[PDB]
Structures are given as C-alpha cells and as structure tokens.
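A quick write-up on the structure given underneath.
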Amino acid sequence: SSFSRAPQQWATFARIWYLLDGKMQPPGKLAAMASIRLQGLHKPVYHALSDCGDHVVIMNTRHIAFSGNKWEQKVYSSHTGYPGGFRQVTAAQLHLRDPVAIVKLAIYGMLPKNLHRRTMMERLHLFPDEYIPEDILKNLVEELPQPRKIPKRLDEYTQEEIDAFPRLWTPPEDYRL
Amino acid sequence: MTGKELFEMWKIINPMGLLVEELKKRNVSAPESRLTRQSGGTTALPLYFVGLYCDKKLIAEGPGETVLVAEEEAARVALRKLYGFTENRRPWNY
Amino acid sequence: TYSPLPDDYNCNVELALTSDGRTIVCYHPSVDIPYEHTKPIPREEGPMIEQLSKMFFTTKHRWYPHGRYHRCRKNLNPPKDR
Amino acid sequence: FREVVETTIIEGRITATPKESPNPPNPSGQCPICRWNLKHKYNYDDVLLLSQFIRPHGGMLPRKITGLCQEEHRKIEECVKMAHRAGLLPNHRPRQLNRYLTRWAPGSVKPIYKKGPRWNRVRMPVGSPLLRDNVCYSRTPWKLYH
Amino acid sequence: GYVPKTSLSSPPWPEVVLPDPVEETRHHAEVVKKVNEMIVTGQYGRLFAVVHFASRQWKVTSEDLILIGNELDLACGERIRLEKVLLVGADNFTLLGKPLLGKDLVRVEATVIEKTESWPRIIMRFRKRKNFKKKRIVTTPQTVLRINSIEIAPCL
RNA sequence: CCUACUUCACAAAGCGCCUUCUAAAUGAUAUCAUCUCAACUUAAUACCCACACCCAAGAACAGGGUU
Ligand SMILES: [Zn+2]
Numbered sequence: 002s003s004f005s006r007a008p009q010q011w012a013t014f015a016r017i018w019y020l021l022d023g024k025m026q027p028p029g030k031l032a033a034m035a036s037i038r039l040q041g042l043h044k045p046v047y048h049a050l051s052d053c054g055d056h057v058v059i060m061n062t063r064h065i066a067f068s069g070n071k072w073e074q075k076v077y078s079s080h081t082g083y084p085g086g087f088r089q090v091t092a093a094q095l096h097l098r099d100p101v102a103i104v105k106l107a108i109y110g111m112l113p114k115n116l117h118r119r120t121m122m123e124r125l126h127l128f129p130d131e132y133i134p135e136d137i138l139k140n141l142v143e144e145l146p147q148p149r150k151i152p153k154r155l156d157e158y159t160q161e162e163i164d165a166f167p168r169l170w171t172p173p174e175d176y177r178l
Numbered sequence: 223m224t225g226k227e228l229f230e231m232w233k234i235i236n237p238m239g240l241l242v243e244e245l246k247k248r249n250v251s252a253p254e255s256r257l258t259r260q261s262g263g264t265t266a267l268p269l270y271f272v273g274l275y276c277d278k279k280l281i282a283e284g285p286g287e288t289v290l291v292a293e294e295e296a297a298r299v300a301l302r303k304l305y306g307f308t309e310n311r312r313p314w315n316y
Numbered sequence: 035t036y037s038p039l040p041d042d043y044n045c046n047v048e049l050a051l052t053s054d055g056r057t058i059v060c061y062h063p064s065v066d067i068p069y070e071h072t073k074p075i076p077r104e105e106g107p108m109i110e111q112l113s114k115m116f117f118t119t120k121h122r123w124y125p126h127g128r129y130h131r132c133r134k135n136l137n138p139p140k141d142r
Numbered sequence: 035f036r037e038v039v040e041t047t048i049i050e051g052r053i054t055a056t057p058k059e060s061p062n063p064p065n066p067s068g069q070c071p072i073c074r075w076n077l078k079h080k081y082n083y084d085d086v087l088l089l090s091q092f093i094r095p096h097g098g099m100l101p102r103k104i105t106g107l108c109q110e111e112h113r114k115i116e117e118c119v120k121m122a123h124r125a126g127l128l129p130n131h132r133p134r146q147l148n149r150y151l152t153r154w155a156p157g158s159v160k161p162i163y164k165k166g167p168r169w170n171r172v173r174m175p176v177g178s179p180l181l182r183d184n185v186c187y188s189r190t191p192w193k194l195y196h
Numbered sequence: 049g050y051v052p053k054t055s056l057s058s059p060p061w062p063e064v065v066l067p068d069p070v071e072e073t074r075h076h077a078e079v080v081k082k083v084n085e086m087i088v089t090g091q092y093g094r095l096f097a098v099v100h101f102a103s104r105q106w107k108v109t110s111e112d113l114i115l116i117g118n119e120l121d122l123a124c125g126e127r128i129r130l131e132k133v134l135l136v137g138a139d140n141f142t143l144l145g146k147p148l149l150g151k152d153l154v155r156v157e158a159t160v161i162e163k164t165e166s167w168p169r170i171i172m173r174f175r176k177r178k179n180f181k182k183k184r185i186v187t188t189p190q191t192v193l194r195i196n197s198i199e200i201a202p203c204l
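See the structure below:
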C-alpha cells in the first residue's frame, strides 16, 4: 500500500520464476504443480484473460520416477502425417531419446486446451540435469517442495535409526543363510 | 482530493533528496537503500522491491521495473508515511 | 507455543474471542523484512518477431499485425475506473 | 546363524546368533508381524522391517524359518520384490530408470499399444493388491490401477 | 499397544497440541484488551466493513458507492444506518461477528444519491421449427448508496 | 545420367548406361531344482545451410550467370 498507481500495478502482475527439482519424482505430480504455476492459478488475482502465468524451471528431468511398470507399459503415440507413419514408442524409449519430453508432455496435457497453452509452454523451462544456465539461475525466486517424499534406502538409515527398530523374530541357531 | 495520491497533486522531482532532508529534520540518519525482494533480474520484465532502512529498521519499501525506479518509489512511500498522507489514512470527516 | 499458521511472513495473527463469545477479535500487525534478510543495492519481420518472442517469452503470433476491421473495432477511449 | 567355511576342508561354524527384542507388545500373537502390532502397518518403504526376512543375497526366507502368517509371508515377499526394484536394498546383491511400486517384473510387461475405450480401458497396475487392507489415513483408498 | 515406527505406524500428519483453556482464555483477554485500547486511543486508519445489505454482502469502505437492484423507497439524500455488518477491518486488527456484529460496536452510514432504472435488458425465447419466438424488454429499478462513514466504538 | 547404342541430333529420351548402406548363466519363494509378471549379471548417418541480357533455371514469380 501507498505505492503509486504504476508500480502497484507492476508489483501485482509481475511474474515469478520458480525452481522445481524433479529427482525421483513422478512426472504427473510435477506436472500438476508446474501447470498451476504456468496458468497463474496460484495467485488470487488470477483471471484467464489477465495473463498472469509464471515461469517454472524444472531441473533433473532425466531422474524422473514412474510408479509401477509405467516405464514399460505407458506408450507415447505420434503420427507423421504420411501413410504408414504411425509411431508408438514406450516411455523408456522416449526417455532415452529426449529426457525432457515426458515431463513436457505431461504438463502440456495438464494445461487448458486453448490458445494460451503454447505461450504457457514457452514459460516452462526444462533441464535434464543439475545444470541450469546462469541467466535463468539469476531469475529464480522460490524453490517449490517436491511432491513425493523420496524413501531412504538401507544405506541411508543411520545406526540409531536401525537400533531403534526391534528385531522381530528369533532365527534358529542352526540355519544357513 | 478523494482517491488521489499525494504526488499526483504535489508533483516533485528528486523524492530521495527530499526524504533525506526530511530525515535530517527529525534528526534521523540517512537511510540505506537495500534490495529486499527481486524476480526476473535478467529479463525484460524484472520486479524489485527496494527497502529503505534507518539504523537497520525499514521506513518504506517500494517496487519497480528497475532498481532506480523502485528506489525512487520507496522514497515516495517514505514521504507519504512521514506526512500522514498514506493510502490508509483516516478519511475526511464530513 | 501453538500457532495456527506460521506467523512469520505476512502478519502476526493473534486470534481472540471476547468474554461474551460473540465477536472474534483478530490482531494482525505487519511483519517487517529484517535487515539481515536483504542484499545491498548493486552498482526484418521474421527475426524481429523471433527476437521479441524470445525476449518476452511469448509465441510469435501476437507480433504479427491485424487488419483494419480489427483495428477500427477497438475502443480507443475505454471506460476508466479507480 | 551358521556358515560353511571351506578351503580340501569343509566345516560348519555357528556364528553370531541374533535374538528378537525381549518384549513383544502383543504376546500370544502368532506371526512376528502379529506379535508386534504390524498386521497392516508396513509398506515397501520401510526396509528395516523387510530386511529382517531377507537372505543376504536378496532372496526371501521360507515361511517355516520365519514362522510368519501365510498372509504376511506373501505380503513381505511382494514388498521385498517391490523394494528391490525401487533400489531400496542395494547391499543385497550377489556380488537406469527410477521406479517405485512396481507390481510386475520390469522385463516382462508388454506395452499398451491400444488402451481401450473409456468403458474398457486397459489400466496400468501400480502397487500390489496384497496391500489393500493397510491403514489408509486418506479418505480415498489406494488407487491400485493407473 | 506399541507399534514400531514404520511408514504406516503413525498417521502422516504431525500432531498439534492445542493450548489449555485456562491460559488461552487469559490470553484472549490480553488480546481483546490490546485491540480495545487501539479502538479507544484511535490508532486505526480507515476501516472496511463487510455489510449484509439487501440480499448480498458488500465489502465497503467509507466514501464509496453501491448499486442496489431495487427501489428502497427513500428520498434522495436520506441517510441510512446499515445494520448487519459482519466484518470490520482496519490495518492492524479485524473484528468478525457470529454471524453479525453488535450494533453498539459498529455504525455504518450511507446516503441515497440516485434512484435510476437499469439499462434496457432483453429477454428473448426461441425454439426452432416450432414458430416459438417471444421478446420482452425489462428495466429493473436501482438506487445508489454512498457509504459515508464506518465509525467504530470501544465495546469489547 | 547421355560416353557409346537406339528414337534422334546445340537437346529430350529408352529399348541404353550408372548407383542402391528376446537368449543366457546364477538363483530364492519352496535351502534340490526352476529362463526370473523374484531380485542381481550379460547380450543415423548423409543432403541442404552466405536495369537489361543470356541460361543446362523457369507456366508467371522465383533461381543461376553477365570479368
Ligand atoms: Zn498374524
């Protein structure tokens, strides 16, 4: 409050760069957060015509994690318009071609099917590794929390965490393993 | 003067110098302009909030497209706050 | 030590009922940004449409012009408010 | 446990036998799951529970040795399968796409080239239906098919 | 009844421990006393009330305008006390009623400026192949209120 | 693509010539075994990319050349 008219208006509709680490995450659950921030549906000032989307930088999109056998079952089908040009390719093969396209297609399907969709896709910046360009690192504001809690493995439990959990059953004194 | 801001009526150039002189008259130190929030620093649409601190307590903070714009505007916010001419002032009693 | 929201970022919310239990008093002054949380102030049609697209992160379509029928339907003196 | 030390000489040496914790909170239960109030309260995430039933080269232990319930033996057997594939048991080797909740063996599943009409859609299995009766703290249950 | 700490042992949400009502009712008494001091000593700036005038809730400051979709049957110029205010906010405090505030606490005044009609407003019906085409033109009455003041009183 | 041959003859052709790149071991559930909807290990390059007059470029426009 007590700003001038023009800087208040600039402040409200200004767009914010968000960072979003996609390591060990599912691509649809990244895609939901990304899609909300790309449409501006996380702002109370939101409206469709008012054009208030943000930028979402997703890093580590080589390190996505499908749940279940979706790496081997889920199929991405496209068609070069030529006859006999129907190309179905599973999620694993497409992830070896380009490690952006799974998160990219997920988000692109989440967005509203209209003409604002591709301007919204030009606000989303996907990188497959830890490496993000410097001109984009100097824009980031908030890093969003990962939607999936990565379960730690047996190497990553500390000793007191292991010791606090009881041994459940007595093994026989003579059994081989 | 209902719905009009102070510096829509009293136009000034150089609000920073004016804020400096007014803070000398209250016997307060010169304020440090100090970048509080920013976004899109390397783009054609940045946003800055410059704050103005006096003895490491802020008196005002304002946004802008560049840093200089936001600093001048924070100076204007401070001048509205010194003079009681804020957006939240008690309305005119008719 | 209970806080219904982390009173950290916008305002310090302090709810209350009155003795009658009829009004809820909220008390919420603003949270100032600390000095420690701040940085000191640092001291042709085709390629032009690609250059603007890449600059403002939009597609190419809104940089092409539009015909007279659409330029003359536009309201040049639209209603203002506030 | 006992080991088979050899070099030609072959002997068997009982070495470093463990024991279960002294106070089961549910004594006069039957399975070691049943004795410790864990009938529906474990998943593939928690590997401190899974690792106690696993051979050191990753395989399961038989039901007679562990003395498990039949139900809980199939559940742990399934959870251990689902936890090897999520890379949560890295030290149970004999000697890269991230997964979790994988019901079937990854090298055995044909891709769905014709997902059906809306009333006959071929869905993708996620998780196992042996773990239906777990405590869901949500209102919606576990969606087992995506 | 011990369960060892697994994923599904405990519920995933963290437990909150709500404060005991002795220290909490005392704490509320402290807060209401503070805010009542702000209303006594006139610390506040301008107020906004949420007022249930007519059939809907208007968020309202002083010096503004409300267009109401019925004739109030008052003369232009008459002042009006709007009862049924159900939120009153300042910069640093609000007061919200269950569901309405006390008449002794808040007073919202408003004058009638004008009593117009609406713009002509078409009502057309049409069903195809049935020769069914009606047309009507409706103008509803309207009055404009100017909210003069939201005065607040120290009655907590 | 036109050196020959042939229809033909500042050229276009063919009948003429040129070029054309799931299976193992190991192994648990079920101490043997067992291919494992058990885990582990093992088995796209090329191409293209800056007036006027004549043209192997061409319907027009365009293109190449004009030292
Ligand atoms: Zn049992």
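Chains as they are written, first to last, in UniProt numbering: chain A, 2 to 178; chain B, 223 to 316; chain C, 35 to 77, 104 to 142; chain D, 35 to 41, 47 to 134, 146 to 196; chain E, 49 to 204. Virtual Cβ for every residue (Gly too), placed ideally from N, Cα, C.
I want to verify the contact list: residues of chain D whose CB lies under 9 Å from the CB of residue i, in sequence order.
| i | result |
| --- | --- |
| E:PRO62 | Those do not exist, as E:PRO62 stays about 12 Å from chain D at its closest Cβ, beyond 9 Å. |
| A:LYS114 | The premise fails here: A:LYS114 is roughly 18 Å from chain D at the closest Cβ pair, so nothing lies under 9 Å. |
| A:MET25 | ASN148 and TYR150 |
What does residue i reach in chain C if we use C-beta pairs closer than 8 Å?
| i | result |
| --- | --- |
| B:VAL272 | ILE75 |
Going along chain E, which residues have a C-beta under 9 Å from residue i?
| i | result |
| --- | --- |
| C:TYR43 | By Cβ distance, chain E contributes nothing, its closest Cβ being about 17 Å from C:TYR43, past 9 Å. |
| C:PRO63 | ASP139, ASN140 and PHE141 |
Could you tell me how far apart the beta carbons of residue i and residue j are, in whole angstroms, since I believe they sit closer than 8 Å?
| i | j | result |
| --- | --- | --- |
| A:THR62 | A:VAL76 | About 19 Å separates the two Cβ atoms, so there is no contact after all. |
| A:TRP11 | B:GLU287 | 6 Å |
| E:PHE96 | E:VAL83 | Actually they are not in contact, since the Cβ atoms of E:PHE96 and E:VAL83 sit about 16 Å apart, beyond 8 Å. |
| A:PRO27 | A:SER68 | 6 Å |
| A:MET111 | A:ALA32 | 5 Å |
Starting from residue i, find everything on chain B with Cβ-Cβ shorter than 8 Å and list it in chain order.
| i | result |
| --- | --- |
| A:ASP52 | Near A:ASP52 there are no residues of chain B at all, since even the closest Cβ is about 12 Å away, more than 8 Å. |
| E:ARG94 | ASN310, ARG311, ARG312 and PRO313 |
Quick one: is the Cβ of residue i within less than 7 Å of any heavy atom of ligand 1?
| i | result |
| --- | --- |
| D:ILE115 | no |
| E:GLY145 | no |
| D:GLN69 | yes |
| D:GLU111 | yes |
| A:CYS53 | no |
| D:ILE72 | yes |
| D:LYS160 | no |
| D:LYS103 | no |
| D:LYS78 | yes |
| D:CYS108 | yes |
Which residues of chain E have a Cβ atom closer than 7 Å to the Cβ of residue i, listed in chain order?
| i | result |
| --- | --- |
| C:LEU51 | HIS76 |
| D:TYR187 | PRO59 and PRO60 |
Taking the beta carbon of residue i as the centre, do at least 16 other beta carbons fall within 10 Å, making it buried, or is it exposed?
| i | result |
| --- | --- |
| A:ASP55 | buried |
| D:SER158 | exposed |
| E:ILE198 | buried |
| B:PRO237 | buried |
| A:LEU116 | exposed |
| D:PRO191 | exposed |
| E:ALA158 | buried |
| A:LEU20 | buried |
| D:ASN62 | exposed |
| A:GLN40 | buried |
| C:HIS126 | exposed |
In chain A, what lies closer than 8 Å to residue i by C-beta?
| i | result |
| --- | --- |
| B:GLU244 | Those do not exist, as B:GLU244 stays about 16 Å from chain A at its closest Cβ, beyond 8 Å. |
| D:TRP169 | Result: empty, since nearest Cβ-Cβ is about 20 Å, beyond 8 Å. |
| D:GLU59 | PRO167, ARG168, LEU169, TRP170 and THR171 |
Residue i versus chain C: which residues are under 7 Å apart at the beta carbon?
| i | result |
| --- | --- |
| E:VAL80 | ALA50, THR52 and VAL59 |
| B:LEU280 | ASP66 and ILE67 |
Using the beta-carbon of each residue, which ones in chain E are nearer than 8 Å to residue i?
| i | result |
| --- | --- |
| A:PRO167 | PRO52 |
For residue i, which residues in chain D fall below 7 Å Cβ to Cβ?
| i | result |
| --- | --- |
| A:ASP175 | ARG36 and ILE53 |
| A:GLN74 | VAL159, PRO161, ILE162 and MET174 |
Against residue i, what residues of chain A qualify as contacts under a CB-to-CB distance less than 7 Å, listed in chain order?
| i | result |
| --- | --- |
| C:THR119 | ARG119, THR120 and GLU123 |
Against residue i, what residues of chain A qualify as contacts under a CB-to-CB distance less than 9 Å, listed in chain order?
| i | result |
| --- | --- |
| B:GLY284 | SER3, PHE4, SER5, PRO8 and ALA12 |
Who are the neighbours of residue i on chain B, taking C-beta pairs under 7 Å?
| i | result |
| --- | --- |
| E:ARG173 | The contacting residues do not exist; E:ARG173 stays about 43 Å from chain B at best. |
Starting from the beta carbon of residue i, find every residue of chain D whose beta carbon is closer than 8 Å, and list them in chain order.
| i | result |
| --- | --- |
| A:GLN89 | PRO161 and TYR163 |
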